[PDB]
């Protein structure tokens, strides 16, 4: 089964890409199953809710007592060398929190890295129903 391991924040780059110390080395992590709006985007600069998502992630991680990374059952890195993972702050999944707040949408899903897909789509369906942020 999936398992959580400890990590240490280095810097949040934006809503869904975070630099962490993992196993003694700085690594960039990309959150599994979610896409936050871009703040860096080549074509457009900041997408709507980009800055909001980015500060949500930054605040949640910076104020955490403990951070943990959870790899899924498929590829653990993407072609850019980023770790692919679920991030937890004090036991709360960042990926879900963003979706639940309408600050991210559920990604394109690549089996078999899709263990928590059902749960996040249920939180996305609730954020839409509530018309939050991106769903506003």
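Of all DSSP-defined beta bridges confined to the stretch 24-95, some 75% are antiparallel rather than parallel. Take every pair of alpha-carbon atoms less than 8 Å apart whose residues are at least six positions apart; their mean separation over the length of the chain yields a relative contact order of 24 percent.
FRET efficiency for the pair residue 48 and residue 1, taken as 1/(1 + (r/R0)^6) with r the Cβ-Cβ distance and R0 = 41 Å, rounds to 0.60.
The Rg/Rh ratio of the chain, with both radii computed over alpha carbons and Rh defined as the Kirkwood radius, is 0.94.
Every number in this text was worked out from the coordinates using simple rules, so none of it is lab data. FYI the Cβ positions are ideal-geometry reconstructions off the backbone, even for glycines, and counts take in every protein chain you see.
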